[PDB]
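# Structural description and commentary
One-letter residues, chain by chain:
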There are 2 protein chains.
Amino acid sequence: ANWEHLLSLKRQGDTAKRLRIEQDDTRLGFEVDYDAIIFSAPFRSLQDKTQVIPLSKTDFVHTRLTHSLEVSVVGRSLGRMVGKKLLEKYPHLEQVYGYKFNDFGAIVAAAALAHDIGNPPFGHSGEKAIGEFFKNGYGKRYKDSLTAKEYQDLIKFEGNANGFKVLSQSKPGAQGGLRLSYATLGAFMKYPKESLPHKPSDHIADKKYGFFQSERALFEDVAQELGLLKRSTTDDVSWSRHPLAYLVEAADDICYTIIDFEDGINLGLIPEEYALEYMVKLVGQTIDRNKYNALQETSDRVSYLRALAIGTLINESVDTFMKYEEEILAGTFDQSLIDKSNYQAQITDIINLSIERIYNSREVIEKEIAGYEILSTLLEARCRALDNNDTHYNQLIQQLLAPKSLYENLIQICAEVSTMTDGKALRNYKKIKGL
Amino acid sequence: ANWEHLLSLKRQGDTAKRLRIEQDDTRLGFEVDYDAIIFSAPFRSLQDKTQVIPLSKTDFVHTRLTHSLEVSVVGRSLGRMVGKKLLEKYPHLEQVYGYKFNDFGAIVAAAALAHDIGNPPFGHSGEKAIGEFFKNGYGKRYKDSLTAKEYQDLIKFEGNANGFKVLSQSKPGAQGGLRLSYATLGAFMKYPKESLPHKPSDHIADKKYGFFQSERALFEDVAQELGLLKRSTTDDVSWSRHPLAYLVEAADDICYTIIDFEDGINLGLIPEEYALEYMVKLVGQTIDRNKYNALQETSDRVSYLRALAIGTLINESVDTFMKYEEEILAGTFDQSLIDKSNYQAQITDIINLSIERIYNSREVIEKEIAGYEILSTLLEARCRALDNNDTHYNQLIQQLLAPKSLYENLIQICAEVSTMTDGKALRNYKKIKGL
């Protein structure tokens, strides 16, 4: 693989090449991508979408918009610091081609900012509820009308793949969706494979899939332009990750770990007494102990620890990337950046405490169970109206919820139900159930 | 005034100079400021703070966090584009001192991101309720114990000044607050004056005031380092605006004008037809008519017009800034950048329509009326507990609401009441009232 092609500025449908040295510095394609996402209807909708973590009437807990924003800031830092080191290691990328360190920060920041844009509500539980609907619920009836991979897209419905659809889906008057740079689309794709085969290896990149059958042809074009290495020659396609996707993944991993811990403490789900114990190793080399002791409020002390731990893990992740840069370029790095961290024990301890006190908490379980019913009800309403669109009731449902092939209809129903805001989903659900 | 001094990287308490050429490119002070605001407790709290604009059960309407985020993105573009032209006109800024165009984008983005951080709930009506409390309500009893300017800080309590307080307030373990770069604090100060005299002229910079008496000594430090020009001849202090403050203002004006209009259309408060009619001159040169006619959804057509109109006004504001750069540097520019717009008739039409259909709408008036009662109730409870801190009831109030001199206590009460999240304020209000 070659960094000259990995950093493609191509947008969908382009007729001529876009050279980095010819770009206006005030309209750099990679920075335009960040702003396009910020102002997009899908990103704006995250304002009205909560995480699975419970709300608090006393402390700050992140909604999905604030979470995505902070992930993108961490991502920009990863991209900036790696970009600087990559331009030292390959000086021609700056001399002949005109790439600068901020370019790498922009690609990673934009891909990270958009990572949760296609996820259904209720976290991974929401993905499972949609899959269950097609595996064992009403949607099971479609199995014999779908290919194996089409059906797998539904029974293993994946928020990563829905995010790719949201970013790239053509609509009348919006060809190519947000039309993001191909480099940004490459960095976005953490799982460059189709829904089948299911987990063909234990490599992190094989754990999930990254595009639906409906978007396979689009990602093939992206993979071709970037020169991603083919990882399989069978009708089942897969590629080695774009190198910057490791940094997008690292941004999410660091924030998932440390910021969930911060929210858990401010919620009172994790006793404050655990905060310093679980973070001392991650912060001890950089912490100002006088500052920490003078701080009189828990949320300020926890926020200080969070900033220091994130800075530590960002710096370590950059060094890990650069150590395995050539392996990543060759497609032979089979692990995540955080998997190689010297603080793996502390990270695992933080993750497990969050599972025990947050994700297994009664308030999260209750919401996930309710989410199964909400999503299943909305899916069944849409699919019954698809199957019998001539009845008076189903015409009302169509006016209320949605005012092509069978597979394309079903994937769109999943995409739309997944991206409804919390309040709109709940209101429509209550009307269908007469509540 | 000298750009070398205006672009100061000083933080509060610094003992040694910070040379731009010595900054780490991955830890630029100006970009550190942006990230510090994003992760700050006051900015995160905007998550849970609505505008006075009503919410919608069908369409997107901005919370204060998303409005500030989009203003910061428009500000980053304005700073980047003006920065590139400033470095062309003053090339020693780059060659000698090492400044780069993205530095100007970071300064303007950070100051714009934090513009609403100190505003009380309920818009300008919330400011008026706090001022009315001290002018004619319970707080009138403090008049004779305060200087003229201390009392004016209260009866004309100003969100812009509270924002300055929020950004810089010292607490145990956090001296200097967020410790933002002085260039960023200069760009933030749109009204570089104290509360008195009131509206000494019709200059936009004199319309309001930008810092309380509690923060006068801090902004004096900031003004000295930046080399801001003294404007007032009497003992009442006042400075000419930092040139970048004009770009922070323009980002707010453009977003408030176009994005409020966008929200009003998607709310149904503004008829859909008015969108093209009021924006056609702002978008006519750049709009793709076949793209627009192919768009099937109102929100997408309006969002396209919004993006085109913001684009037009960003470009024009940059040109206006450069056309008047020397007059701004000398403190002789008497207007805002948008005031000189060739589209001023269309801007005025859009604003007046938003005033008539949104800000004078029944739903806004209802909310402002309720806000008067909520804020007045909270202020009276805090002030009575200040006046008689010995009683069992007032000790409960102190534990519920707030777990030095009279003025310092009163201005802190105003700052804390103003910065409470919507849900926390409402909950405490209901408990004080028995519900």
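In its metadata, the entry names X-ray crystallography as the structure determination method and reports 1.80 Å as the resolution.

Going by the PDB entry, chain A carries the name dGTP triphosphohydrolase and comes from Leeuwenhoekiella blandensis.

## Digging into the interface of chain A and chain B
Across the contact, 40 residues belong to chain A and 40 residues belong to chain B. Each residue belonging to the side of chain A that touches chain B can be placed in one class, and the counts come to 15 nonpolar, ten polar and 15 charged.

## Brief notes about the pattern of salt bridges
Counted under the stated rule, the structure contains 55 salt bridges over all chains. Of the charged contacts in the structure, one is a salt bridge between A:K165 and A:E215, with a shortest N-O distance of 2.7 Å. Residue A:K165 is found in helix α9 (residues 159–168), and its partner A:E215 is found in the loop between α10 (182–188) and α11 (216–226); the two are separated by 50 residues along the sequence. Classification of A:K165 as buried rests on a relative accessible area of 2%. Look at A:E215 and you get buried, because its relative accessible area is 3%. A salt bridge links B:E249 to B:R241; the nearest nitrogen and oxygen atoms lie 2.7 Å apart. In this structure, B:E249 and B:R241 share a single accessibility class: buried. Among the charged side chains, a salt-bridge network with shared partners connects A:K149, A:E194, A:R216, A:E220 and A:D236.

## Remarks on the relation of the copies chain A and chain B
Copy one and copy two of the chain differ by a rotation about an axis and a translation along that axis. Once chain A has been moved 0.1 Å along the axis and rotated by 180°, it coincides with chain B to within an RMSD of 0.3 Å. Between the two chains, the operation in question is that of a two-fold axis. Among all residues of chain A, the one whose C-alpha sits closest to the rotation axis is A:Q47, at a distance of 4.0 Å. Of all interface residues in chain A, 98% are interface residues in chain B too; the two copies therefore contact each other through one and the same surface.

## Re the packing of aromatic side chains
A complete count under the given rule lists 31 aromatic pairs over all chains for this structure. Ring geometry for B:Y274 versus B:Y278: centroids 5.5 Å apart, planes at 50°, classification tilted. Here B:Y274 and its partner B:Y278 are both found in helix α13 (residues 274–283), four residues apart, which amounts to about one turn of the helix. Look at B:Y274 and you get partly exposed, because its relative accessible area is 24%. Note on B:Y278: relative accessible area 18%, which makes it buried. Three or more aromatic residues link up through ring pairs in this structure, and these residues are A:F133, A:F134, A:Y138 and A:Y142.

## Description of the UniProt feature "domain: HD" (unreviewed entry) in chain A
Feature annotation in UniProt assigns "domain: HD" (unreviewed entry) to the following positions: residues 64–257 of chain A. With 54% helix and 0% strand, residues 64–257 of chain A has end C-alpha atoms that lie 15 Å from one another.

## With respect to the nonpolar core
Residues A:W3, A:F321, B:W3 and B:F321 are the most contacted members of the largest nonpolar core, which totals 201 residues. Here this core gets twelve residues from one element, more than from any other, and that element is helix α12 (residues 245–267) of chain B. The contact partners of B:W3, leaving out residues within four places of it in the chain, are B:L86, B:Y90, B:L93, B:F104, B:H242, B:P243, B:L244, B:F321, B:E325 and B:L329. In this structure, B:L146, B:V364, B:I374 and B:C414 belong to the second largest nonpolar core, which totals 36 residues.

## Thoughts on a positive patch on the surface
All names here are of chain A. Positive charge collects at one region of the surface, where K128, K135, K140, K143, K156, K199 and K207 lie side by side. The topology assignment puts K156 in the loop between α8 (148–155) and α9. A relative accessible area of 41% means that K156 is categorised as partly exposed.

Definitions and cut-offs
Residues numbered from 1 in each chain as written, not as in the entry; some residues may be left out. Chains lettered and ligands numbered in written order. Part of a larger assembly, values for the part shown. Heavy atoms only, no water. Residues with missing side-chain atoms left out of burial classes, pairs and counts. Contact = heavy atoms within 4.5 Å. Nonpolar A, V, L, I, M, F, W, Y, C, P; charged D, E, K, R; others polar. Salt bridge = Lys/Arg side-chain N within 4 Å of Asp/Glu carboxyl O. Helix = DSSP H or I, 4+ residues; strand = E, 2+ residues; numbered from the N terminus. Buried < 20%, exposed > 50% of the residue type's maximum accessible area, 1.4 Å probe, protein only. Least-squares fit on C-alpha atoms. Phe/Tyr/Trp six-rings, centres within 6.5 Å; stacked < 30°, edge-to-face > 60°. UniProt positions renumbered as here; feature names shortened; annotations may be inferred. Core = buried A, V, L, I, M, F, W, Y, C linked by side-chain atoms within 4.5 Å. Patch = residues over 30% accessible without salt bridge, like charges linked within 9 Å, V, L, I, M, F, W, Y side chains within 5 Å. Areas by Shrake-Rupley, 256 points an atom, 1.4 Å probe, with all protein chains shown as cover. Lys, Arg positive; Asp, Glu negative; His and termini not counted. Charge placed at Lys NZ, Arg CZ, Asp CG, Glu CD.

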